[PDB]
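K.L.:
Show me how the following folds:
(chains A, B, C, D, E, F, G, H, I and J, ligands or ions: 22)
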Amino acid sequence: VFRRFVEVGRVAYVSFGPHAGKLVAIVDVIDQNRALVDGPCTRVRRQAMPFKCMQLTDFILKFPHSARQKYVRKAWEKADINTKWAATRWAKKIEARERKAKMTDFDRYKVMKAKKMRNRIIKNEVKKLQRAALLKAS
Amino acid sequence: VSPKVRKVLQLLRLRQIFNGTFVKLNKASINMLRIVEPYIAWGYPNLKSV
Amino acid sequence: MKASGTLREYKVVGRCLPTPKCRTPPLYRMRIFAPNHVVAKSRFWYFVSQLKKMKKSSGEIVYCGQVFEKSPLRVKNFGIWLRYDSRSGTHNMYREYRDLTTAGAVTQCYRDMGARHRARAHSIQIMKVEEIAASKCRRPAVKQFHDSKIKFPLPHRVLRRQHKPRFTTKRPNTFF
Amino acid sequence: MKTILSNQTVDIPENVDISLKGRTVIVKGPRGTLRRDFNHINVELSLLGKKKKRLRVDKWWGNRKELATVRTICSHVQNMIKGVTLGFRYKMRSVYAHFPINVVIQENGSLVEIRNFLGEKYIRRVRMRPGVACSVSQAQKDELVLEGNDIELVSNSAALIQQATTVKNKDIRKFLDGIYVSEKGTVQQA
Amino acid sequence: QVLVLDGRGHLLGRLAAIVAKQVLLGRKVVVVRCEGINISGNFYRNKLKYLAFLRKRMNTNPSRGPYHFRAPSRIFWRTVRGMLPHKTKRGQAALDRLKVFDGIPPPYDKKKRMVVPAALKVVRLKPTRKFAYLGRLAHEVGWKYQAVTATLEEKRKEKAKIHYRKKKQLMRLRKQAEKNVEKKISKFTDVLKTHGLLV
RNA sequence: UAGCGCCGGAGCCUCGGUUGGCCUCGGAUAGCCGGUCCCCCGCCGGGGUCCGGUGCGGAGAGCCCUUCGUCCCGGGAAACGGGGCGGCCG
RNA sequence: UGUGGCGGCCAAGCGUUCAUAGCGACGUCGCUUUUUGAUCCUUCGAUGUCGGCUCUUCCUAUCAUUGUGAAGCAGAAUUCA
RNA sequence: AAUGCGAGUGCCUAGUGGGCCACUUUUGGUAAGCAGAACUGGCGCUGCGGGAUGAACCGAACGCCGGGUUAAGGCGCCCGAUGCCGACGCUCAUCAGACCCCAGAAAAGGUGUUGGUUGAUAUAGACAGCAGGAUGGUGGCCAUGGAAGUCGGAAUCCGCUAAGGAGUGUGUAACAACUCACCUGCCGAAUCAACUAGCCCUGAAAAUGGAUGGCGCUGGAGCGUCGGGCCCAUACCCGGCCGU
RNA sequence: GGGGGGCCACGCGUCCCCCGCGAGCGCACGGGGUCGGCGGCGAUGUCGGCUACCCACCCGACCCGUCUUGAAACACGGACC
RNA sequence: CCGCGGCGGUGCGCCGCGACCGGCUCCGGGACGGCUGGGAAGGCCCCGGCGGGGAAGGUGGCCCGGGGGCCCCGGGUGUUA
Ligand SMILES: [Mg+2]
Ligand SMILES: [Mg+2]
Ligand SMILES: [Mg+2]
Ligand SMILES: [Mg+2]
Ligand SMILES: [Mg+2]
Ligand SMILES: [Mg+2]
Ligand SMILES: [Mg+2]
Ligand SMILES: [Mg+2]
Ligand SMILES: [Mg+2]
Ligand SMILES: [Mg+2]
Ligand SMILES: [Mg+2]
Ligand SMILES: [Mg+2]
Ligand SMILES: [Mg+2]
Ligand SMILES: [Mg+2]
Ligand SMILES: [Mg+2]
Ligand SMILES: [Mg+2]
Ligand SMILES: [Mg+2]
Ligand SMILES: [Mg+2]
Ligand SMILES: [Mg+2]
Ligand SMILES: [Mg+2]
Ligand SMILES: [Mg+2]
Ligand SMILES: [Mg+2]
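P.N.:
Numbers count the residues shown, from 1 in each chain, chains lettered A, B, ... in the order given. Ligands and ions are numbered 1, 2, ... in the order given. Okay, here it is:
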């Protein structure tokens, strides 16, 4: 059962292509596998785009099927898309993959030390919870 | 290579593949470039090309 | 003609040689679809040699420009009138496409004829392209997109990029 | 061309309780439960409507062969609703010229023995499908009655017992003998 | 140091072609559950395709002729060998690094099995196209051990289910312990958040 | 099983390749995953409800381990912890 | 592949009626190399040249037998597939 | 006139005088890897890259090497190169298809599916699907042993009409018997026919076991139209060395 | 022709139309590479030897002579020295 | 004869490294300008302003139908709310 659809005013995330990693708003459907799309606040010009290169999100903004970039901007700013997208967990893990790639060699050593200590502290509590659960039953 | 075409390719001094030459254009030149048309690729050069 | 890449849409004007008989020939304008202007002039001379009695040596190209799309940011219905050769017989058609540009619609038409009727680009002869209103369309494949509240999902997302995680552990998901 | 959306609709009555696990339709009511699995059709089934009065079948981006399967499901689910509410009854006569077709019923309706078909000494033993009960009826001379909930199983058992009594290496236009399906209907009327 | 590739749901030629390059690249590959491999096209067509292979024997002495192996593992091995220069000593050394099996042998039951998405049915085939299981195809051309392999696979699945429940028990225990020591792991966790490891 | 087998420091030849490990659900794809059991059945398992994630973060785009060494004195963490001999399960 | 053999398409007619159960003129399209031709590429410092006997395997364009469909199939017998 | 190139001339002279193949033109023959011509290019005399293999096909002709780049071909694996998040379509074969020569098919068909051309009728309510009614003249005249709306052939007109025609089916010696067309009944949105063009299927049968080169391939590794990127010949460019 | 930036323009003394030598000093996209730069190992087990002895692997690769349009030929001659 | 002396040439026993210069290549990153229909479109200025139109892939409304706690869905009228 489907939950995200291609309608007029669907926010999509562009996964690859030249405008990769950007949000766009679907303005009209040209063909079976192509939409006229426009991101006013994400620096995307109004252009044709295949459905293969967009990952559609759960954000719906209301504007007519032929309204121009001014009205799509006005609908984007009232719906306040750019902060809700960053508040969603999808952009948080995109930002996490960007941080882990930007991560340097000194940052690698510090993450190494902290992860080692945190893992040892977690494993000690795990062993204590094991022996507590075993001592309660047996 | 056909003999009539060999003679024109020698009068254009194109005796080897990927050889190039400058030819001024008139009726007597277009009617020879038509004879050697499938064997050459000619055109109008830029000043930077020269 | 080889339909290379996407086509560009050219306005080509030509005339005959001024003679003592015809001191000024009428100028003839044509709407050529070609990958470049060198192909466009050759197709102009082909079409005008078919219609009028005028050849490339007996005439000249007065103008050859690429005339652009007046509105490439709205989606339009394009009706294209065809004249093609089959293996046995030659036929006319009317086809409909949805595109932003006229040359993009004609480019789509060339792939459509090659796909469906195995018609090569030298047999295809475009004779009239017209912007068509949505109430004047005829093909149900084009008329089904004339919906103000259009809605569909992407039902079976086949996973592309099959070779960057090439040896993976989790099995791929197609539902999104 | 691919149609964007094709949908059809089954109106479910209030006597029937229906549930779905993906593309597996389960139907429960007065006579029992029927389960049919539809993972080979690749459509979208929706149990919309509060108290589940209505069932909707969707095909998105389908060709002409794929759009034919929608009302096939809408007929199968209606057949299950009809067979759980009213049931299925296949009344069938036996036609003979000289030798009376002797039909006896074994193991509470799950096996049927046919004797004296065209004067033969061979005994045709017909197994029935699980869920179908066969019985010799009354008020008619030579007639059997098949009972069940599944139209597939009932009619397939009727086809089995009809093809059991077939005439070999003769003119079948003249030797019009066998057990033939006469009437298809329900257990109780509507 | 070794690939273990699960054969279930994979297409036979695409999987075999992908294995054939990696095993020529000096890597040890072990392809497991060859009865779960499936072939595009309908089942009767694929059965006829194998029956035409069965009919091709040496007329004067069939003991020297083509060896028609009936196990699914040996069928997949025969497909991989046809994608290799097996009459040369680098091809034979490549064929030595391939190890095909039916079911999951007990070396590879407690080992994690990799998946090739470029050879899977659900990726490389349309959903409205029929396919043929190699296990049933081999069973109907003369593989005798479909029934034994089925019970031995089921007895393994009920055994690995217990391991999965014990693993989920430790997963609930570690997620409980993470909340229990959250006061004292707080300085070590935000430093993992600021470099993208735990966001 | 005949000068041979089984267990507990030295070196000499020869054959070579490698330069951390992943100790595991079943599987579905027009669908999944994990909790919760306040419900209902059982041999902790099975169904349903409910709550969370789903371009998989309880993510292989992943996880674990990470080695310069030793010494003195502290502050975190351990105290149920680190390593060394006989038995029971599987 | 002319010729031989085999198979189609159209259907004027035969079939008491009825083109196509079974056939099929006038035309026309093919297949095969178990017929004879046509050709001369291999072999003239030699490939033992007709049959029959013996023995093995293959083909199907199926005479019989297994399973079947159609008749101008009542049964029996017989045709077509 | 243009373009290009140093030319002219005299002795002596070997080998050859069986040829063959290809685009186009073309003779005889049913045809032939048949026989015989014209033109040009090849093979013979010649290796190299590609066509899996290969006298002649495509590219390109060759001193010994290094670097780079190409042609014709290709880029799932054999096997160098697409492991591009390539584009748009078409196609399911229980005989799929897969690249000049070239190595296997035709007429005729298909309510498989896709795209077109043309003509109808549809809210003055159509195609389905479930009834009435097909007769009065007339059992028409015609030719018959008789053909009565039905076995032949000239004809082919009226009434009542919501309809109804000297008429499409099954049958008798002529009878008897029986139904599409046309009209209303219910129902409420597009429907019907004739052609034509792609892929697939039928037509489609040979002998040792068997060949898109093989493995295999169906969100193609199939067909058509097309993008970038990549592979490499003795070919092209630069450089070294030998010889003329 | 009248009233801020680049110029391979910088003589003096006339007639007249237009109104034959300066020295020096260095730098270098300049007639084909040099360092006025270095580091390791080396006397009974190691250094160099492409070719020549044996073996291994990848790619390529049919036996020569001859007649012939065409030879690896199921065309002839040929055991070896 | 001594010096691990200076300049000039020739070179290292073997294995190696670096520097800059020049020739030939394959790439990458910036920056500047010309032409077109002296680009076509597009952005901002209340829809850039004012006035006049048009109609649908019809927004408000209004009505009709069917599942809801006023919000959705389907159809109809129609010219901007
Ligand atoms: Mg009989
Ligand atoms: Mg004949
Ligand atoms: Mg007759
Ligand atoms: Mg000859
Ligand atoms: Mg001989
Ligand atoms: Mg012999
Ligand atoms: Mg047969
Ligand atoms: Mg000849
Ligand atoms: Mg020569
Ligand atoms: Mg040559
Ligand atoms: Mg070939
Ligand atoms: Mg080279
Ligand atoms: Mg190849
Ligand atoms: Mg040179
Ligand atoms: Mg080789
Ligand atoms: Mg000789
Ligand atoms: Mg000869
Ligand atoms: Mg010769
Ligand atoms: Mg020879
Ligand atoms: Mg031979
Ligand atoms: Mg001789
Ligand atoms: Mg001899």
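
K.L.:
what helix or strand is residue E:76 on?
P.N.:
helix E:72-81 (DSSP states H and E).

K.L.:
where's that helix relative to the chain centroid, distance-wise?
P.N.:
12 Å (C-alpha atoms, centre = their mean, to the nearest Å).

K.L.:
is that helix up against RNA strand H anywhere?
P.N.:
Yes. Helix E:72-81 is in contact with RNA strand H by C-beta under 7 Å from any atom of the strand, via E:78-80. No exception for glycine: its C-beta is placed from N, CA and C like everyone else's.

K.L.:
Name the member of these with the most neighbours.
P.N.:
Most neighbours among these, by other C-beta atoms under 10 Å in any protein chain shown: residue E:80, with 24 neighbours.

K.L.:
could I get the residues of helix E:72-81 next to RNA strand H as a markdown table with distance to chain D?
P.N.:
Formatted as a markdown table, the residues of helix E:72-81 next to RNA strand H follow (distance: C-beta to the nearest C-beta, whole Å):
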| residue | distance to chain D |
| --- | --- |
| E:78 | 31 |
| E:79 | 28 |
| E:80 | 31 |
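
K.L.:
There's contact between residue C:11 and residue C:65 in this structure, I believe.
P.N.:
Yes. Counting by C-beta atoms under 8 Å, residue C:65 is a contact partner of residue C:11 at 5.4 Å.

K.L.:
Just give the number of residues close to the residue of chain E found nearest chain A.
P.N.:
Closest residue of chain E to chain A, C-beta to the nearest C-beta: residue E:196 (3.2 Å). By other C-beta under 10 Å, 21 other residues sit near residue E:196.

K.L.:
quick check, it in a helix?
P.N.:
No. Secondary structure assignment (DSSP: H, G, I helix; E, B strand; the rest coil) places residue E:196 in coil, not in a helix.

K.L.:
wait, it sits on residue A:92?
P.N.:
No. Between residue E:196 and residue A:92 there is no contact under C-beta under 8 Å: 9.8 Å.

K.L.:
show me what contacts residue 108?
P.N.:
You didn't say which chain, so I picked chain A. Going by C-beta atoms under 8 Å, 6 or more residues apart in numbering or on different chains, residue A:108 touches no other residue.

K.L.:
Switch to chain E, please.
P.N.:
So residue E:108 contacts E:4, E:30, E:32, E:101 (C-beta under 8 Å, 6+ apart).

K.L.:
quick one: the first one and residue E:107, what's the gap?
P.N.:
Separation of residue E:4 from residue E:107 (C-beta to C-beta, to the nearest Å): 9 Å.

K.L.:
which helices and strands does the helix holding residue E:76 pack with?
P.N.:
helix E:12-24, strand E:98-100, helix E:134-139 (3 or more C-beta pairs under 8 Å, 6 or more residues apart in numbering or on different chains; DSSP states H and E).

K.L.:
deepest of these, which one?
P.N.:
For the helices and strands packed on helix E:72-81, average neighbour numbers computed from mean count of other C-beta atoms under 10 Å in any protein chain shown are highest in helix E:134-139, which has a mean of 22.

K.L.:
Return the distance of that one from the chain's centre.
P.N.:
That offset, for helix E:134-139, works out to 15 Å (C-alpha atoms, centre = their mean).

K.L.:
what's it packed up against?
P.N.:
Other helices and strands packing on helix E:134-139, by 3+ C-beta pairs under 8 Å, 6+ apart, are strand E:38-40, helix E:43-55, helix E:72-81, helix E:146-180.

K.L.:
The last one and RNA strand F, are they touching?
P.N.:
Yes. Taking C-beta under 7 Å from any atom of the strand as the criterion, helix E:146-180 and RNA strand F are in contact, through E:157, E:159-161, E:163-165, E:167-169, E:171-172, E:175.

K.L.:
closest to RNA strand I among those residues?
P.N.:
Closest approach between the residues of helix E:146-180 next to RNA strand F and RNA strand I, by C-beta to the nearest atom of the strand: residue E:160, at 41.0 Å.

K.L.:
Give me the secondary structure label for the closest residue to that closest one other than its chain neighbours.
P.N.:
Closest residue to residue E:160 apart from its sequence neighbours, by C-beta to C-beta, 6 or more residues apart in numbering or on different chains: residue E:109 at 7.2 Å. What three-state DSSP gives for residue E:109 is coil.

K.L.:
Identify the residues contacting residue E:109.
P.N.:
E:156, E:159-160.

K.L.:
what do you get for residue E:56?
P.N.:
So residue E:56 contacts E:65-66 (C-beta under 8 Å, 6+ apart).

K.L.:
count of residues packed around residue A:53?
P.N.:
By other C-beta under 10 Å, 15 other residues sit near residue A:53.

K.L.:
Ok, residue E:49 next?
P.N.:
13.

K.L.:
what sits against it?
P.N.:
Residue E:49 touches nothing, counting by C-beta under 8 Å, 6+ apart.

K.L.:
Up against RNA strand H, what does chain A have?
P.N.:
A:15-16, A:31-34, A:50, A:52-53.

K.L.:
Quick check: residue D:52 touching residue D:13?
P.N.:
No. At 11.2 Å, residue D:52 and residue D:13 do not qualify as touching, with contact defined as C-beta under 8 Å.

K.L.:
higher neighbour count, those two?
P.N.:
Between residue D:52 and residue D:13, residue D:52 has the larger neighbour count (other C-beta under 10 Å), namely 14 against 9.

K.L.:
so what's the more buried one closest to, chain neighbours aside?
P.N.:
residue D:18 (6.1 Å).

K.L.:
Work out the sheet partners of the helix or strand in which the one you found is found and label each with its direction, please.
P.N.:
Under DSSP H and E, the secondary-structure element containing residue D:18 is strand D:17-20. Applying DSSP bridges to the sheet, strand D:17-20 is found paired with strand D:24-28 (antiparallel).

K.L.:
Restricting to C-alpha, output the next helix or strand after the partner strand in PDB.
P.N.:
With elements assigned by DSSP H and E, the helix or strand that comes after strand D:24-28 is strand D:33-37. What follows is strand D:33-37, C-alpha atoms only, in PDB (Å, rounded to 0.1, in the frame of the first residue of the first chain):
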ATOM      1  CA  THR D  33     -13.600 -19.300   6.100                       C
ATOM      2  CA  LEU D  34     -12.000 -19.100   2.700                       C
ATOM      3  CA  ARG D  35      -8.400 -18.000   2.000                       C
ATOM      4  CA  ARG D  36      -7.000 -17.000  -1.400                       C
ATOM      5  CA  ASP D  37      -3.500 -15.800  -2.100                       C
END
